[PDB]
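Just the heavy atoms: all of them, side chains too, but no hydrogens, waters or symmetry mates, feed the values below. Chain A is the first sequence line, chain B the second, and so forth, proteins listed ahead of strands; every chain is numbered from 1.
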Amino acid sequence: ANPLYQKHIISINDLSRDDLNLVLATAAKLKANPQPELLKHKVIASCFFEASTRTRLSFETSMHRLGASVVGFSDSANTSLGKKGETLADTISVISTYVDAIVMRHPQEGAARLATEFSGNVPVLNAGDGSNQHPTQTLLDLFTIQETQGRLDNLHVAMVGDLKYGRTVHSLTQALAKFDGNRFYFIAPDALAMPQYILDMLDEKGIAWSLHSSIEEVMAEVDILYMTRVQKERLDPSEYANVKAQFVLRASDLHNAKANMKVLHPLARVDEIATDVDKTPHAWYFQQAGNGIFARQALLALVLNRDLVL
Amino acid sequence: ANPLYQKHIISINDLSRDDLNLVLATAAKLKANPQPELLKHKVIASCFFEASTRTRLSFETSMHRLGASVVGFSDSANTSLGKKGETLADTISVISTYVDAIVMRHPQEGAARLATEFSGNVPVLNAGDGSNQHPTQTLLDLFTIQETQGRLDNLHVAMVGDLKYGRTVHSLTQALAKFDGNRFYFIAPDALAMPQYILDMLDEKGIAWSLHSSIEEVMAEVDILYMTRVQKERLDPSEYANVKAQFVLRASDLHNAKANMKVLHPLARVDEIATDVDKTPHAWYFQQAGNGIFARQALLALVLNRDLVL
Amino acid sequence: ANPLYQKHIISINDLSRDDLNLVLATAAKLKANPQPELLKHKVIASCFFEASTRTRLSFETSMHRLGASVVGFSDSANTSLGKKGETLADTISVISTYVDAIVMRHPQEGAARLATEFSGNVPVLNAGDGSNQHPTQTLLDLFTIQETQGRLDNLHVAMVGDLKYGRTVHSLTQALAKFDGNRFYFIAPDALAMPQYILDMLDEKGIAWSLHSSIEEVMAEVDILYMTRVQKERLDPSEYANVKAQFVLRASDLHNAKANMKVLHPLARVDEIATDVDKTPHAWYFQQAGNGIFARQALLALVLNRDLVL
Amino acid sequence: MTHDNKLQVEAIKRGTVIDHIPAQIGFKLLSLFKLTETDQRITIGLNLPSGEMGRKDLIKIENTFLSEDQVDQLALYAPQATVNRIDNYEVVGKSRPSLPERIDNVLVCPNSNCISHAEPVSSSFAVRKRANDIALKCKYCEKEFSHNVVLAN
Amino acid sequence: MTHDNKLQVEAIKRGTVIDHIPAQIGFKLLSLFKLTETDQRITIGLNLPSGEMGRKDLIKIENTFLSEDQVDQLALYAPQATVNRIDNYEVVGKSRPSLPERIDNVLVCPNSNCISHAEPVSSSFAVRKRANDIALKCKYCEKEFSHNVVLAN
Ligand SMILES: O=C(O)C[C@H](NC(=O)CP(=O)(O)O)C(=O)O
Ligand SMILES: O=C(O)C[C@H](NC(=O)CP(=O)(O)O)C(=O)O
Ligand SMILES: O=C(O)C[C@H](NC(=O)CP(=O)(O)O)C(=O)O
Ligand SMILES: [Zn+2]
Ligand SMILES: [Zn+2]
């Protein structure tokens with residue numbers, strides 16, 4: 001069996017560098033060499049208890065690009081959880097008796113983890129649990145960084161926006177700390193700073209990171225500029241003060257940037273990246289999204305397939 | 001052609017013992033011998049006008065496990081019925097011109113029946129019509145009882161909870177009256193008792209049944225303990241008095257039970273079965289749910305397939 | 001000063017038989033010879049945090065009929081208590097420093113009593129505190145009964161309707177259990193039974209009472225048929241079964257009614273008293289209503305005027 | 001004041017001593033009347049067997065005195081229990097609970113719609129020997145509940 | 001056999017004798033580890049003196065011995081506490097506590113949005129002796145907290 005055969009993809013903190021590398025190398029191969037029947041006869045539940053367009057559609061598109069079938073719900077209001085008051089534990093139980101793998105996005109943290117406990121031998125994939133983790137987002141991110149910068153080592157990554165409730169930036173740092181030579185620039189409004197638990201690990205790891213009041217300062221110094229959206233749906237009312245993107249990117253500030261730097265964003269983008277940025281050769285949020293296709297295809301092939309010759 | 005070729009599965013009152021037996025024998029065969037292409041090229045509409053997780057996902061999972069395609073809506077709010085005020089008759093008409101079979105769950109009783117009248121030659125399957133019937137639930141139930149008790153004759157079945165609005169227990173009694181030697185223990189709060197029409201038939205049939213104020217009395221005497229959920233969504237306000245499970249099962253009361261008795265439940269379960277019951281070798285609600293897979297697969301193969309060698 | 005001078009009228013359990021006698025006497029006295037300047041120069045608060053038509057308007061008219069001034073609110077929707085988060089205690093704290101007396105109806109049992117702990121020296125009149133007491137309603141009922149039966153001792157009183165939340169039956173009953181010879185008949189649905197504390201009390205004073213399934217069982221031997229509304233607004237949602245009237249006094253059932261027998265009802269009435277009863281000589285509810293002016297004028301003259309108004 | 005089954009060390013000069021608290025009741029009374037909320041030396045002995053009362057409870061509380069009222073508060077749990085007055089190692093005078101007329105604070109009115117819960121006012125219940133049990137009446141809402149349902153803090 | 005002095009403690013044949021409980025942490029451990037279930041003698045010394053440590057609580061339950069993870073559970077609530085296992089009036093087992101790797105089902109995650117509150121599961125926390133503020137990690141939300149934040153009592 002391969003390293004991630006039948007394994008749950010709950011959190012980046014649970015995967016290893018090699019694990020990550022196996023996904024990307026695989027993804028690379030699927031990207032240039034299709035496998036229409038690889039998941040034939042598999043039935044995958046796409047269970048989203050929270051909004052989605054990219055994460056759900058990319059994932060289901062992948063299921064299909066591999067000959068797999070998809071059963072699911074895009075609204076927990078029509079289930080028997082949101083009507084008859086069933087517990088999630090019971091929902092994960094009955095469903096794990098029908099399908100081969102469960103993809104799940106939930107409003108609260110620990111939701112994916114909890115499912116692994118009631119899903120028997122069915123691998124659970126975390127499409128996002130609250131503001132904890134978003135692993136597949138990071139797999140697609142690592143691939144985009146790798147294919148544009150040719151390395152996941154010694155990079156200069158700046159993360160901007162809501163770093164507290166951003167599940168995407170939690171999964172991305174823990175990932176990039178697995179590699180060597182990465183330096184992190186953290187740019188966020190104080191009420192939305194990077195959690196301490198993530199920083200403690202950067203320190204334990206011996207990793208250089210700094211705080212900044214604007215991109216202007218690190219702009220002509222970054223390789224990756226990871227932009228994020230204020231997690232409005234999660235802010236406490238006392239935080240409502242920050243619901244307006246405090247640090248916005250225009251084509252103008254991209255003037256002294258390294259002619260190789262790319263601007264990434266998990267999207268959707270509220271008003272943090274002005275449209276003019278879209279035409280600069282730096283904007284890479286739409287190609288990035290496109291990559292979710294190959295990243296998730298690889299993850300699905302690995303979790304459900306033992307040996308895989310490609 | 002086989003007995004249930006192109007037939008509508010509207011109510012247990014319309015099927016016969018042999019009919020039921022053909023489903024289970026078939027189900028048994030599909031359970032141990034897959035048929036990936038049996039329904040290839042068929043397109044099945046999964047029309048749910050009411051909440052669901054098990055019934056809809058199991059059914060669609062089955063459609064897929066047979067190579068069939070599924071088109072459908074899990075919310076009648078986005079249709080043209082719940083927006084443009086179209087009648088169900090017109091909805092069943094146009095849809096019967098696209099698909100091969102229609103699976104339907106509706107808020108009101110007689111909804112499935114009515115569709116048979118506007119669906120032309122398209123077989124309609126009742127995923128539940130109000131609080132009338134829920135036939136497929138009974139097929140999956142009969143199979144679970146049969147595979148655990150080795151017989152559908154001379155059993156001791158106790159039914160608990162909302163027996164009035166419970167469509168599952170209406171379909172199950174009419175079924176178990178088709179067999180011989182079954183004795184029914186009915187345990188329900190008076191405002192939610194078993195309808196008289198069902199009892200009249202038990203009498204006409206010459207079947208022994210009794211009323212009880214608690215499981216305690218029949219506990220060390222039952223083979224099957226069918227638990228049910230108070231149909232909250234259906235209770236009239238005058239009945240709101242009963243929205244709390246009046247008879248709840250804990251591991252403790254399973255002490256003198258027959259070491260062969262199983263506890264079934266259509267789910268979702270509100271608070272009528274304490275979790276500790278889940279670890280006793282009596283709890284069989286999750287394996288039961290798992291069976292919906294093989295029961296419905298069999299029903300679909302039979303209704304859409306003429307001859308079927310297995 | 002007279003007995004009731006500057007005292008709080010919170011509950012009928014606090015007043016003595018003699019005190020009731022002083023009110024009905026002064027009431028009759030005041031009915032005969034109006035005294036338009038008796039409270040000339042006073043300012044009284046009409047504070048109602050709960051719906052009311054008779055109690056309020058009549059209390060307010062009374063105040064006007066003696067030269068008193070009035071200030072207050074019909075509903076808390078626009079009091080700082082309501083929009084600015086403010087305790088009832090602080091509300092009464094500040095208000096007791098402006099007016100000479102406070103009249104209040106509140107949705108929670110014990111509000112008036114509370115008031116008597118921050119009103120300083122300014123007296124408090126309980127116009128109805130939840131399902132507890134409605135002390136002035138009693139003064140009016142008594143004044144009326146005595147007006148039509150000639151006495152208050154050795155009577156037969158049938159109480160129909162909601163005795164559980166019916167604050168008028170709580171006060172009234174503790175009032176009639178202070179005279180002698182009054183035998184009671186309680187006619188109410190089990191869930192809205194007369195509270196235990198009133199029955200312990202009846203038993204205590206050796207008073208006799210008896211339950212019945214219908215008015216028929218008392219119709220020919222009751223002098224007072226006190227009919228009541230079902231406290232729809234207070235009912236636990238678990239008791240909605242009794243929302244509509246279980247006993248409807250139709251004019252016909254007054255067919256074997258004692259001659260002096262009158263029908264009383266504090267109002268408002270819903271469907272418990274058919275409109276044709278409005279034409280039988282027993283019907284005295286509106287005469288009842290009109291009496292409120294006298295019992296209420298009586299009470300305010302006794303609490304705000306040192307010497308018995310003659 | 002001599003006592004010996006197993007040699008020990010258990011004496012005090014001043015203070016109070018609630019003796020005869022029926023089994024288990026000793027812990028409850030600990031929280032209810034907050035006898036533990038002091039820097040003063042306390043010595044509890046849950047389940048310590050003694051005499052025909054056998055299993056009892058005992059709370060030697062150093063340099064602390066309760067009032068007539070205070071001791072009466074105990075009647076609702078430890079009636080036969082008897083507060084004993086210590087001081088100078090001398091037993092000043094054996095007290096004992098007697099049914100108090102009113103239970104101020106501690107209790108919480110079971111009625112959900114009672115003004116007490118909302119407003120900043122100390123509870124208060126009229127205590128009363130009702131037939132077999134002990135009925136309680138809320139000062140405020142005027143509802144009477146059997147002592148076996150009314151809660152506290 | 002022996003007799004630890006300075007002040008008055010109690011006689012015990014066999015059983016666990018927890019000593020060095022910090023101030024007022026007695027009434028707590030009494031319920032946090034539900035010690036009051038044991039129908040066996042339970043001595044308890046509150047606010048007793050102790051050298052440079054002054055007042056200290058002390059619980060004593062003859063014929064009862066702390067369950068496995070109890071001492072570990074007794075680390076977060078009383079670091080300096082000491083467990084003495086007795087038998088034949090002897091200290092046959094002196095034991096000091098170590099903070100374990102994880103605390104199961106007793107603690108309650110501070111993250112309101114943590115799925116543990118809603119769903120039926122035993123809360124589990126990773127224990128990281130982060131310098132001096134015990135770090136607590138939620139097995140579910142992966143969040144981390146200062147031990148005291150998690151430790152209300
Ligand atoms: O929501 C964000 O802005 C970040 C991130 N976005 C996505 O995953 C994209 P989507 O919500 O379209 O699936 C997320 O965590 O949901
Ligand atoms: O709802 C119930 O409790 C009984 C029964 N339950 C089911 O069919 C399961 P579901 O609602 O998940 O499809 C039903 O009639 O819907
Ligand atoms: O409302 C009732 O049913 C009886 C009674 N009604 C009245 O006193 C008359 P009003 O409610 O118009 O002031 C009350 O309890 O408030
Ligand atoms: Zn009260
Ligand atoms: Zn948590």
Side-chain angles (χ1 to χ4, degrees), chain A residues 7-17 19 88-89 106 108-119 124 126 128-135 138 164-165 167 169-178 194-207, chain E residues 32-33 66-79 81 96-153:
Chain A
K7 278 327 195 301
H8 299 314
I9 309 314
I10 306 286
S11 159
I12 286 299
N13 198 97
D14 299 326
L15 305 173
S16 81
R17 177 204 272 116
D19 282 348
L88 178 77
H106 197 269
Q108 43 247 18
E109 299 88 30
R113 187 78 73 205
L114 186 59
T116 71
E117 294 177 339
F118 304 90
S119 62
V124 173
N126 186 11
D129 63 319
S131 60
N132 178 24
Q133 293 270 324
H134 192 11
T138 296
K164 175 191 180 180
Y165 297 120
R167 48 185 174 195
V169 303
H170 300 157
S171 300
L172 189 41
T173 302
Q174 304 179 325
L176 293 178
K178 305 281 182 60
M194 190 62 86
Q196 193 67 47
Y197 68 79
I198 304 273
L199 302 177
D200 286 358
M201 171 264 298
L202 284 172
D203 290 347
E204 249 111 79
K205 258 54 180 163
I207 303 186
Chain E
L32 255 319
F33 301 156
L66 282 200
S67 280
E68 303 92 335
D69 296 86
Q70 283 290 60
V71 184
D72 291 291
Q73 236 236 78
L74 174 75
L76 286 188
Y77 306 149
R96 220 48 143 58
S98 285
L99 249 165
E101 276 92 313
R102 71 168 357 185
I103 327 300
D104 293 34
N105 65 76
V106 68
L107 297 168
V108 168
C109 195
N111 179 350
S112 56
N113 198 34
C114 181
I115 190 76
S116 57
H117 306 309
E119 297 295 316
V121 281
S122 291
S123 38
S124 173
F125 284 88
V127 185
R128 169 172 95 157
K129 172 213 56 176
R130 157 178 51 192
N132 284 94
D133 193 340
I134 295 71
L136 286 182
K137 180 112 98 54
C138 184
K139 158 182 177 152
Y140 293 107
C141 64
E142 267 155 289
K143 274 239 47 186
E144 214 185 43
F145 304 109
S146 156
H147 82 102
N148 49 77
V149 173
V150 171
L151 226 263
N153 262 223

ask   = So, do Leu136(E) and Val127(E) sit near enough that their side-chain heavy atoms are less than 4.5 Å apart?
value = yes

message = Strictly distance-based, threshold 3.5 Å: is any side-chain N or O of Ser123(E) a donor or acceptor partner for the main-chain N or O of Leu107(E)?
response = yes

inquiry  = Under 4.0 Å between a side-chain nitrogen and a carboxylate oxygen: does that hold for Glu204(A) and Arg130(E)?
reply    = no

task = Would you tell me whether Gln108(A) and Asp129(A) have side-chain atoms, one donor and one acceptor, within less than 3.5 Å of each other?
result = no

Non-hydrogen side-chain atoms of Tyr140(E) and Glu109(A) separated by less than 4.5 Å = no

Rounded distance [0.5 Å steps], CG in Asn132(A) versus CG in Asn113(E) = 10.5 Å

message = Just verifying a value: how many Å separate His147(E) NE2 and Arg128(E) CZ, rounded to the nearest 0.5 Å?
response = 13.0 Å

task = Taking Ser98(E) for its side chain and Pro100(E) for its backbone only, find out whether a donor-acceptor pair lies under 3.5 Å.
result = no

query = Taking all non-hydrogen atoms of both residues, which atom of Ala177(A) and which atom of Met201(A) are closest, and how far apart?
reply = CB-SD, 4.0 Å

request  = Verify salt bridge (charged side-chain N to carboxylate O under 4.0 Å, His left out) between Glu142(E) and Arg167(A), making sure each step is shown before the conclusion.
outcome  = CA-CA 12 Å; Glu142(E) 267 155 289; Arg167(A) 48 185 174 195; over 6 Å; no

key: side chain to side chain contact (heavy atoms under 4.5 Å, CB included), paired with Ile207(A), selected from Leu176(A), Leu199(A), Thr173(A), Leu202(A)   = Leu202(A)

message = Any donor-acceptor pair under 3.5 Å linking the side-chain atoms of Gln174(A) with those of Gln133(A)?
response = yes

task = Start with the C-alpha gap between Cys141(E) and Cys109(E), add the side-chain angles, then the distance that decides, and say whether side chain to side chain contact (heavy atoms under 4.5 Å, CB included) holds.
result = CA-CA 9 Å; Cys141(E) 64; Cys109(E) 195; 3.7 Å; yes

ask   = Heavy-atom distance under 4.5 Å between the side chains of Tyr77(E) and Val106(E), does that happen here?
value = yes

key: Interatomic distance, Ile12(A) atom CD1 to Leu172(A) atom CG [nearest 0.5 angstrom]   = 9.0 Å

message = Keeping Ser67(E) on the side-chain end and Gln70(E) on the backbone end, is there a donor-acceptor pair under 3.5 Å?
response = no

task = Would you indicate whether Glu68(E), at its atom CD, is surrounded by more than 12 heavy atoms from other residues, nucleotides or ligands within a distance under 6.0 Å?
result = no

task = Kindly say whether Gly206(A) contributes a backbone atom to a donor-acceptor pair with the side chain of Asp203(A) at under 3.5 angstrom?
result = no

Over all atoms of both residues, closest heavy-atom pair of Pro97(E) and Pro79(E) = CG-O, 4.1 Å

key: Donor + acceptor pair across side chains of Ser122(E), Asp104(E) (<3.5 Å)   = no

query = Yes or no on salt bridge (charged side-chain N to carboxylate O under 4.0 Å, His left out) for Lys129(E) and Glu101(E), after CA distance, side-chain angles and deciding distance?
reply = CA-CA 9 Å; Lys129(E) 172 213 56 176; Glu101(E) 276 92 313; over 6 Å; no

task = Could you please spell out the steps behind the side chain to side chain contact (heavy atoms under 4.5 Å, CB included) verdict for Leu99(E) and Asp72(E)?
result = CA-CA 6 Å; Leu99(E) 249 165; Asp72(E) 291 291; over 6 Å; no

request  = I would like to know whether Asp14(A) and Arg113(A) meet salt bridge (charged side-chain N to carboxylate O under 4.0 Å, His left out); could you show each step before the answer?
outcome  = CA-CA 11 Å; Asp14(A) 299 326; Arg113(A) 187 78 73 205; 2.8 Å; yes

inquiry  = Please tell me whether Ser146(E) and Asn148(E) have a donor and an acceptor in their side chains that are separated by less than 3.5 angstrom.
reply    = yes

key: Residues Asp200(A), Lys205(A): salt bridge by 4.0 Å N-O rule   = no

task = Please lay out, stage by stage, how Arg96(E) and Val71(E) fare under the test side chain to side chain contact (heavy atoms under 4.5 Å, CB included).
result = CA-CA 8 Å; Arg96(E) 220 48 143 58; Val71(E) 184; over 6 Å; no

request  = To the nearest 0.5 Å, tell me how far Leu151(E) CG sits from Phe145(E) CZ.
outcome  = 13.0 Å

ask   = If only atom types and distance count, is the side chain of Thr138(A) paired as donor or acceptor with the main-chain N or O of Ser171(A) below 3.5 Å?
value = yes

query = For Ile115(E) and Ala111(A), which heavy atoms make the closest approach, and how far apart are they?
reply = CG2-N, 3.8 Å

task = Could you tell me the separation between the CZ atom of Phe125(E) and the CG atom of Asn105(E), rounded to the nearest 0.5 Å?
result = 11.0 Å

task = Give, for atom NE2 of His170(A) and atom NZ of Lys164(A), the distance between the pair rounded to the nearest 0.5 Å.
result = 9.5 Å

query = Hey, is NZ on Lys178(A) packed in by over 12 heavy atoms from elsewhere, all under 6.0 Å?
reply = yes

ask   = Donor-acceptor pair, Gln73(E) side chain versus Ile103(E) backbone, under 3.5 Å?
value = no

inquiry  = Does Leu88(A) form a side chain to side chain contact (heavy atoms under 4.5 Å, CB included) with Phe118(A)? I'd like the steps, not just the answer.
reply    = CA-CA 9 Å; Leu88(A) 178 77; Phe118(A) 304 90; over 6 Å; no

